[PDB]
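> So I pulled this structure from the PDB, and the sequence comes with it:
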There are 2 protein chains.
Amino acid sequence: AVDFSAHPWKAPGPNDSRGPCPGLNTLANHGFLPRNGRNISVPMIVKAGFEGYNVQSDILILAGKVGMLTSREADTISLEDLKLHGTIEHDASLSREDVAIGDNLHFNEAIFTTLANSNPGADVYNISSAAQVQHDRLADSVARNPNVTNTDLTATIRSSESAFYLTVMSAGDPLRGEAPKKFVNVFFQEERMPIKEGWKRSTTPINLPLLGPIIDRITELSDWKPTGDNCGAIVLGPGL
Amino acid sequence: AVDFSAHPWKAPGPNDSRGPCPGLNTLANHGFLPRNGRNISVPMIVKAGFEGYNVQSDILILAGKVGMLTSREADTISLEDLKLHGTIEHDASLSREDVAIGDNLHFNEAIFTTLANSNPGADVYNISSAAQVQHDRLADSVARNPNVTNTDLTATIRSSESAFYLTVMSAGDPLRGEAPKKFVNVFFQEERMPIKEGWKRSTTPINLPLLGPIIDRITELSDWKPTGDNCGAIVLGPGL
Ligand code: HEM
Ligand code: HEM
Ligand SMILES: *[C@@H]1O[C@H](CO)[C@@H](O)[C@H](O)[C@H]1NC(C)=O
Ligand SMILES: *[C@@H]1O[C@H](CO)[C@@H](O)[C@H](O)[C@H]1NC(C)=O
Ligand SMILES: *[C@@H]1O[C@H](CO)[C@@H](O)[C@H](O)[C@H]1NC(C)=O
Ligand SMILES: *[C@@H]1O[C@H](CO)[C@@H](O)[C@H](O)[C@H]1NC(C)=O
Ligand SMILES: *[C@@H]1O[C@H](CO)[C@@H](O)[C@H](O)[C@H]1NC(C)=O
Ligand SMILES: [Mg+2]
Ligand SMILES: [Mg+2]
């Protein structure tokens, strides 16, 4: 029984490491991960994701070990390391700019406008709105970034990230693939768990069987096509 | 420093986990890594490679974290996990068969014949012989394997592996890029440190600055050329 009162939100300090991921940033901001954002292992991510969000080890082990590639350390990262373009970090993010034409690390309100204005007339974001947002963000990158990378891999990662905001920030049934806008907006804009606002950790485990169909449905509805070579190669370490 | 007398060679039993890598298998056979070949983390690899071979953390962290992708565990592998084709394990190996046409895991004497007969007339293997062997092994895979994969990435990994046998099994000066055949043959054929034969751990650290030029020279002298998509995508986990 995690006591969320024992995990208060605190804004990061000047020497706290933060990355392009609102999920991990939010866990650090509540002390489920180290508040300094440093020396974070995959076991630590597994535990934090379980405690904070009820996200299970299947997805966190897979994504965590890919994330470990971004650091120079044997078995840890700093959250900022995860900005390394072409490992996980990709163009056509929901709340960050493309690395070739801007800042791929920090929350950007102008970029976030697209998500914030989605699913007009409803009080939730859902699978169809998530797909529309992905379509529109990719169109923006294609229009403004001549170095855009858009592949089967990046498209799948992008749908995974949309599935995450729809499930982790849901009103309590992640299967629904819908989340209150008031929760998701706090998650992105403040990297805070919207506890005041009425959010509670899912009592349903969020695992790959739960996320998989949501991911695939978002992709299907997004009118997606690859760009260029469609090469699914990742960057294997920093510096290279 | 390191007590090699506390690290005797013992042949693996039928249940001991062993992989396609003679470097890690040899460390396990001397107990620098667990003799059962299981529950191995990147920190353990870093320590074992330092103690056994004077290989430094830079290369072992980079390679080790890519190797961790081959298991389902948060921060460990079994050595056999590393056989996963298309993460690190590749066609045109020095001592193993290609997975599409044979056994990509165990030492194979028929395959090893090419390396064993290289640098005729000399008592060492060196950079030019290593390059010739790589050329010949790739030609063999191209001739006989209808699913052969040959990319910039696999070529670089193959040259890295050649650089490893030339440096770790050297007669004490790894910069020379040459190793006694009597040492290298024991390393491959027995996965044993050739201590009775007169081998000693390098007193010179083996790191990426040392290996990089050897790797690049081997590639250069092998007359390597791209043969197709040349898409350097790795497999990011088992079962995918
Ligand atoms: C295994 C652990 C994790 C790793 C290594 C990781 C890594 C990343 C990285 C590198 C990005 C930036 C990609 C980009 O937009 O360019 C990202 C984005 C994202 N992550 Fe995570 N993540 C993890 C876990 C989670 C969790 C548990 C959530 C839960 C809500 C989450 C939600 C998101 C979202 C919504 C984005 C999109 C941000 C945007 O498009 O602006 N992640 N993640
Ligand atoms: C960082 C840790 C290591 C990992 C994860 C690793 C992984 C691997 C893998 C998966 C292979 C098989 C590739 C193939 O031939 O298809 C391989 C081959 C090889 N490794 Fe390692 N290795 C590591 C460290 C070392 C060390 C310290 C040496 C020292 C001599 C070494 C020497 C070799 C050699 C010579 C081969 C070629 C075998 C052949 O072509 O038949 N490795 N390694
Ligand atoms: C943690 O990460 C830093 C790099 O940010 C590294 O220098 C340090 O050795 C790591 N280890 C600790 C403090 O356990
Ligand atoms: C998303 O919500 C909108 C507005 O209520 C609705 O028209 C649409 O059908 C919903 N889509 C899904 C997948 O529920
Ligand atoms: C695996 O290694 C961990 C960490 O060192 C240890 O706690 C555990 O007992 C090991 N398990 C086995 C099966 O040896
Ligand atoms: C390798 O050894 C052979 C035989 O002694 C020699 O001809 C060749 O020049 C050597 N190559 C290098 C790079 O030393
Ligand atoms: C191997 O290549 C043949 C064509 O020569 C193809 O029919 C077969 O599907 C390939 N197998 C794999 C594992 O891709
Ligand atoms: Mg991005
Ligand atoms: Mg192989």
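Ah, there it is. Numbering: from 1, shown residues only, chains lettered A, B, ... in the order given. Ligands and ions are numbered 1, 2, ... in the order given.

> For residue A:202, which non-adjacent residue is spatially closest?
Nearest non-adjacent residue to residue A:202, counting by Cβ to Cβ, 6 or more residues apart in numbering or on different chains: residue A:54, 4.3 Å away. For every residue, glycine as well, the C-beta is placed using N, CA and C.

> The helix or strand that residue A:137 is a member of: which residues count as buried?
Taking DSSP states H and E as the criterion, residue A:137 maps to helix A:127-144. Neighbour counts over helix A:127-144 (16 or more other Cβ atoms under 10 Å in any protein chain shown) mark A:127-135, A:137-138, A:140-141 as buried.

> want to try TSV for the residues you listed, with distance to ligand 4 as columns?
Shown next, in TSV, are those (distance: Cβ to the nearest ligand atom, whole Å):
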residue	distance to ligand 4
A:127	4
A:128	4
A:129	6
A:130	9
A:131	9
A:132	9
A:133	12
A:134	14
A:135	14
A:137	18
A:138	19
A:140	22
A:141	24
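
> Kindly indicate whether the closest residue to ligand 7 within chain A is helix, strand or coil.
Nearest to ligand 7 in chain A, going by Cβ to the nearest ligand atom, is residue A:232, at a distance of 15.9 Å. Taking DSSP: H, G, I helix; E, B strand; the rest coil as the rule, one finds residue A:232 in the coil state.

> Give me the phi and psi for the residue lying closest to it once chain neighbours are set aside.
Excluding the flanking residues, the one nearest residue A:232 by Cβ to Cβ, 6+ apart is residue A:153, at 3.9 Å. Backbone torsions of residue A:153, given as degrees, to the nearest 10, read phi -70, psi -50.

> just the helices in chain A please.
Taking DSSP state H as the criterion, chain A carries its helices at A:22-29, A:42-53, A:57-68, A:109-116, A:127-144, A:152-168, A:181-190, A:208-221.

> any idea which of those helices is most buried?
Of all the helices of chain A, helix A:22-29 carries the top mean neighbour count, a mean of 25, counting by mean count of other Cβ atoms under 10 Å in any protein chain shown.

> List just the nearest of the buried residues of helix A:127-144 to residue B:222.
Nearest to residue B:222, judged by Cβ to Cβ, of the buried residues of helix A:127-144 is residue A:141 at 38.9 Å.

> I'd guessed that closest one sits against residue A:155; true?
No: using Cβ atoms under 8 Å, residue A:141 makes no contact with residue A:155, being 12.0 Å away.

> got the CA positions of stretch A:182-189 in PDB?
Once non-C-alpha atoms are left out, stretch A:182-189 reads as follows in PDB (Å, rounded to 0.1, in the frame of the first residue of the first chain):
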ATOM      1  CA  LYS A 182      -7.500  17.600 -16.600                       C
ATOM      2  CA  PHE A 183      -5.200  14.700 -15.600                       C
ATOM      3  CA  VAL A 184      -3.200  14.400 -18.800                       C
ATOM      4  CA  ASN A 185      -2.600  18.200 -19.000                       C
ATOM      5  CA  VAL A 186      -1.100  18.200 -15.400                       C
ATOM      6  CA  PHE A 187       1.000  15.100 -16.300                       C
ATOM      7  CA  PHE A 188       2.600  16.900 -19.300                       C
ATOM      8  CA  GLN A 189       2.600  20.500 -18.200                       C
END
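
> give the contact list for the residue of chain A found nearest ligand 2.
Nearest residue of chain A to ligand 2: residue A:74, at 10.3 Å (Cβ to the nearest ligand atom). Listed by Cβ atoms under 8 Å, 6 or more residues apart in numbering or on different chains, the contact partners of residue A:74 are B:41-43, B:46, B:57, B:60-61, B:64-65.

> gap between the residue in chain A that ligand 3 sits nearest to and residue A:238?
Using Cβ to the nearest ligand atom, the single residue of chain A nearest to ligand 3 is residue A:39, 3.7 Å away. As judged by Cβ to Cβ, to the nearest Å, residue A:39 and residue A:238 stand 16 Å apart.

> which parts of chain A sit against ligand 8?
Counting by Cβ under 5 Å from the ion, chain A comes close to ligand 8 at A:89, A:93, A:96, A:104.

> possible to save these as a markdown table with neighbour count and distance to ligand 3?
Formatted as a markdown table, the residues of chain A next to ligand 8 follow (neighbours: other Cβ atoms under 10 Å in any protein chain shown; distance: Cβ to the nearest ligand atom, whole Å):
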| residue | neighbour count | distance to ligand 3 |
| --- | --- | --- |
| A:89 | 24 | 18 |
| A:93 | 19 | 24 |
| A:96 | 23 | 22 |
| A:104 | 19 | 20 |
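
> Let's have the residues you listed in JSON lines, adding distance to residue B:146.
Output for the residues of chain A next to ligand 8, formatted as JSON lines (distance: Cβ to Cβ, whole Å):
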{"residue": "A:89", "distance to residue B:146": "36"}
{"residue": "A:93", "distance to residue B:146": "40"}
{"residue": "A:96", "distance to residue B:146": "43"}
{"residue": "A:104", "distance to residue B:146": "41"}
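
> Show me which of those residues is closest to residue A:219.
For the residues of chain A next to ligand 8, the closest approach to residue A:219 (Cβ to Cβ) belongs to residue A:93, at 16.3 Å.

> That closest one and residue A:104 touch, don't they?
Yes: counting by Cβ under 8 Å, residue A:93 does reach residue A:104; the two are 7.2 Å apart.

> Spell out which residues are contacts of both of those two.
With contacts defined as Cβ under 8 Å, 6+ apart, the residues shared by residue A:93 and residue A:104 are residue A:20.

> How much space separates the closest residue to residue A:224 other than its chain neighbours from residue B:98?
Leaving out its chain neighbours, the residue that sits closest to residue A:224 by Cβ to Cβ, 6+ apart is residue A:155, at 5.5 Å. Distance, residue A:155 to residue B:98, by Cβ to Cβ: 31 Å.

> sorry, back to before: list the residues that contact the residue nearest to residue A:202.
Neighbouring residues of residue A:54 by Cβ under 8 Å, 6+ apart: A:201-206.

> Residue A:29 and residue A:9: what is the separation?
Separation of residue A:29 from residue A:9 (Cβ to Cβ): 5 Å.

> Same check on residue A:111?
Residue A:111 sits at a distance of 23 Å from residue A:9 (criterion: Cβ to Cβ).

> Contact residues of chain A facing ligand 3?
The interface of chain A toward ligand 3, taken as Cβ under 6 Å from any ligand atom, is made up of A:38-39, A:73, A:76, A:78.

> Now intersect these with the strands, please.
Assignment to strands by DSSP state E places none of these there.

> and which of these is nearest ligand 8?
Distance to ligand 8 across these (Cβ to the ion) is lowest for residue A:78, with 17.3 Å.

> Since that was my last question, I'll sign off now.
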